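Residue numbers (the deposited numbering), protein chains in the order written: chain B, 1 to 125; chain A, 1 to 125. We treat Cβ as the ideally placed atom computed from N, Cα and C, and that holds for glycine.
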Ligand SMILES: CC[C@@H](C)OC(=O)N1CCCC[C@H]1CCO
Ligand SMILES: CC[C@@H](C)OC(=O)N1CCCC[C@H]1CCO
Ligand SMILES: CC[C@@H](C)OC(=O)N1CCCC[C@H]1CCO
Ligand SMILES: CC[C@@H](C)OC(=O)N1CCCC[C@H]1CCO
Ligand SMILES: [Mg+2]
């Protein structure tokens, strides 16, 4: 099955709360639209360049990047609620090695790969 | 101290059989001893420079490396029998980004991290 899980327990409401100020910072800096984000989260993969840089910005603001700004997958996994540790592991297991010229492209590569792997449990806010 | 699982079903006999010719090539190329391998497999983590190179050689002969000889963890996971996939997921989750000067150092880093993470299921042949 592929239709997104959205209910009282998933995505973890406390993670969603935590991401709010990061969303404000990153949406403001990038100029992506709230709709672009929700369409990527809940509907079809699409290509929006400002959305790619929003994705990058989130990783930086969440402090899950290395000294080159590349996503550190252990840091990221560890930053998630324990309730989604298994789902996250399987979502990411064929998305270890991002490709792309810029950080925005690599950020996008990761989000696209996750959503392809587990569309039901993938979300973006 | 947790006991390595060694019985009729684990490590998977078919994998053990398949790896015999790789063991022969790599021991011949690196000059590691049979005893060094078995002791790393079943007893204490230990430092042996030829053993580190044997470990690198196995990755190479198993064709689970990238163009520069570094371990590609997806190719590796995919090379294992399905019976081992879950075990490998958890064994390797803290072990994504090997450190070390040489390919042999990085191969050793991975084997040590795996054996540290799950000494029950870790083996080396
Ligand atoms: C969005 C999913 C992302 C956080 O992925 C992971 O949970 N990964 C990456 C893939 C290997 C397993 C695990 C690494 C944990 O150390
Ligand atoms: C938790 C830190 C943040 C940078 O990680 C994420 O970008 N995630 C976490 C869940 C996987 C997709 C994505 C959605 C977030 O809106
Ligand atoms: C001996 C373990 C090795 C074969 O596998 C892994 O380290 N994997 C599986 C490949 C995806 C990344 C990682 C899972 C991290 O949680
Ligand atoms: C199957 C390809 C081969 C290069 O993988 C390994 O070297 N493994 C995988 C089994 C756990 C660790 C190690 C021991 C095997 O001698
Ligand atoms: Mg040295």
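- Note on geometry: alpha-carbon atoms of residue 84 of chain A and residue 29 of chain B lie some 45 Å from one another.
- Nearest CB-CB separation between residue 14 of chain B and chain A: not below the 8 Å threshold.
- Our two residues, residue 34 of chain A and residue 59 of chain A, have alpha carbons roughly 18 Å apart in a direct line.
- Taking a beta-carbon distance threshold of 8 Å, residue 73 of chain B counts as an interface residue toward chain A.
- DSSP places residue 14 of chain A in the uninterrupted alpha helix (DSSP H) bounded by 13 to 30.
- Counting along the chain, the unbroken alpha helix (DSSP H) around residue 89 of chain A starts and ends at 85 to 92.
- Between the alpha carbons of residue 32 of chain A and residue 54 of chain A lies a distance of about 7 Å.
- At least one heavy atom of ligand 2 lies less than 7 Å from the C-beta of residue 80 of chain B.
- One alpha carbon belongs to residue 70 of chain B, the other to residue 7 of chain A, and they sit about 42 Å apart.
- With respect to chain B, the C-beta atom of residue 93 of chain A has a partner C-beta closer than 8 Å.
- CA-CA distance, residue 18 of chain B to residue 4 of chain B, rounds to 21 Å.
- Of all C-beta pairs linking the segment 85 to 100 of chain B to the segment 112 to 123 of chain B, three or more are shorter than 8 Å, placing the two stretches in contact.
- The Cβ of residue 89 of chain A sits closer than 8 Å to at least one Cβ of chain B.
- Around residue 68 of chain B, the same chain offers no residue with a beta carbon nearer than 7 Å, after the five sequence neighbours per side are excluded.
- With a contact defined as Cβ atoms closer than 8 Å, residue 52 of chain B and residue 46 of chain B miss out at about 11 Å.
- In this structure, the C-beta of residue 92 of chain A approaches ligand 3 to less than 7 Å from one of its heavy atoms.
- Nearest in C-alpha terms to residue 116 of chain A, of all of A:42, A:72, A:21, is A:42.
- Separation of the CB atoms of residue 80 of chain A and residue 92 of chain A is rounded to 11 Å, and the pair is thereby denied contact status at 8 Å.
- The alpha-carbon of residue 113 of chain B is positioned some 6 Å away from that of residue 95 of chain B.
- Look at residue 124 of chain B: its C-beta is not under 8 Å from any C-beta on chain A.
- Annotation for residue 22 of chain B: 58, 61, 62 place their beta carbon closer than 7 Å to its own, counting only its chain and skipping 5 residues before and after.
- As the crow flies, the alpha-carbon of residue 107 of chain A is around 43 Å from that of residue 36 of chain B.
- With a 10 Å radius around the Cβ and a threshold of 16 neighbouring Cβ atoms, residue 11 of chain B comes out buried.
- Rounded to whole angstroms, the gap between the alpha carbons of residue 77 of chain A and residue 25 of chain B is 38 Å.
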